[PDB]
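Just one chain is shown here, as structure tokens, and it is the form deposited in one PDB entry.
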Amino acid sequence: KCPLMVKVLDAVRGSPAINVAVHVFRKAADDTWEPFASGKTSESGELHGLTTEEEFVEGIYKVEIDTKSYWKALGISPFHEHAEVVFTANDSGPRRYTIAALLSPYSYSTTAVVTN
């Protein structure tokens, strides 16, 4: 199945954070973020299918979540421009990764569930 899944939750409304812009990058030889993958969260708050076992290779990744778009489209003025999660992936055998972010105007938490 999917080596990378993102999940987003709204801490204010107690529900799936639907249609959130999520962008992914892989750090380059030259320290530049190369556009890698892109999408929007489904009904359940879940971006599935971002990449494939093969294409997702050892490196450093930045998952950027467009929290600010979400909050403004609802009429709240957020504190954060976006939410970055920067991590090394695939350096330690073949594994599945799950980013989960829980959103608030002036706050967010992110967590990882990597499976052996």
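Shifts are known only where both forms have a C-alpha. For the two forms, the rigid core is made up of the largest set of C-alpha atoms that agree within 1.5 Å on superposition. Don't overthink the numbering: it's just position in the shown sequence, from 1.
The same protein also has a form deposited in another entry, omitted here; what follows describes it.
Asker: Just one of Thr52, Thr88, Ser77, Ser38 has a C-alpha that shifts by 2 Å or more between this form and the one not shown on a rigid core fit; which is it?
Answerer: Of all the options, the C-alpha that shifts by at least 2 Å belongs to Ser77.
Asker: Once the core is aligned, please say if the CA of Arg26 is shifted by at least 2 angstroms between this form and the one not shown.
Answerer: No, the C-alpha position differs by under 2 Å between this form and the one not shown.
Asker: Tell me, please, whether between this form and the one not shown the C-alpha of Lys62 is shifted by 2 Å or more, with the rigid core used for superposition.
Answerer: Shift at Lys62: below 2 Å after core fit.
Asker: In the other entry, the Cα separation between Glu81 and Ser15 changes by 3 Å or more relative to the shown form; did it shrink or grow?
Answerer: Result: closer.
Asker: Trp33 and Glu81: do their C-alpha atoms lie closer or farther in the other entry than in the form you see, with a change of 3 Å or more?
Answerer: The answer is farther, because the C-alphas of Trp33 and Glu81 separate from each other in the other entry by 3 Å or more.
Asker: Name, in sequence order, the runs of three or more consecutive residues whose C-alphas all shift 2 Å or more between this form and the one not shown, counting only residues present in both forms and superposing on the rigid core.
Answerer: Core-superposed, displaced stretches are 67-81, 105-107.
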